[PDB]
């Protein structure tokens, strides 16, 4: 409380890493330092240690695209880091501790859709049929 020393992050097992083309060179620092103060280890360069990746304004699928690059320059057996959004981080910082990842956080896709967007629905006066009695 009074002193100001540091050696081993509170949660070393969890290493959060941000993206340049996703966070920026200036902004990155903002969180980079903020987290460190809370109790999170920020990695400068993409390293196997990286367990969680922080992406801002990234689509569930988009994240994956950037994840591929890892497996490309990553060693065998090494498990890929869980791609999450800024929401997760923010919630963590405000909590002082790394919250447990959740579906919403996980950034993944599957069986995507295609085509334009339109209602193509029917109005109220779009019902008919015979009757008796």
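Read the figures in this text as sums done on the coordinates, not as results from a lab. Here the Cβ positions follow ideal geometry from the backbone for every residue, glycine too, while neighbour counts run over all protein chains shown.
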Notebook entry, point to check: Taking the Cα atoms only, what angle lies between the long axis of helix 86-95 and the longest principal axis of the chain, rounded to 10 degrees?
Noted result: 50
Next item on the list: Evaluate the relative contact order of segment 71-133 (contact order divided by residue number), counting alpha-carbon pairs under 8 angstrom at least 6 apart; express in whole percent.
Entry: 27
Notebook entry, point to check: Among 74-85, 109-120, 20-31, 45-56, what's the highest-first ranking by average C-beta atoms within 10 angstrom per residue?
Noted result: 45-56, 74-85, 20-31, 109-120
Notebook entry, point to check: Relative to the longest principal axis of the chain, what angle (0 to 90°, nearest 10) does the C-alpha long axis of helix 60-73 take?
Noted result: 40
Note to self: Between segment 93-133 and segment 20-74, how far is it from one alpha carbon centroid to the other, in angstrom?
What the structure shows: 29
Note to self: Per DSSP helix of 4 or more residues, -39500 (n - 2.57); summed, then divided by the residues of the chain. What does that give at 222 nm, rounded to the nearest 500?
What the structure shows: -9000 deg cm²/dmol
Margin query: Expected output is a single nm value to one decimal: the length gained when fully extending between residue 10 and residue 126, i.e. 0.36 nm times separation in residues minus the C-alpha distance. What is it?
Written below: 35.4 nm
Note to self: With every atom except the alpha carbons ignored, what do you get for Rg and Dmax of the chain, in angstroms?
What the structure shows: 22.4, 90
Notebook entry, point to check: Angle between the Cα long axis of helix 26-38 and the longest principal axis of the chain, 0 to 90 degrees, nearest 10?
Noted result: 70
Next item on the list: Report relative contact order for segment 1-118 in percent, whole number only (criteria: Cα-Cα under 8 Å, sequence separation at least 6).
Entry: 25
Next item on the list: Report the calculated FRET efficiency for residue 73 and residue 113 (r = Cβ-Cβ distance, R0 = 41 Å), to the nearest 0.05.
Entry: 0.85
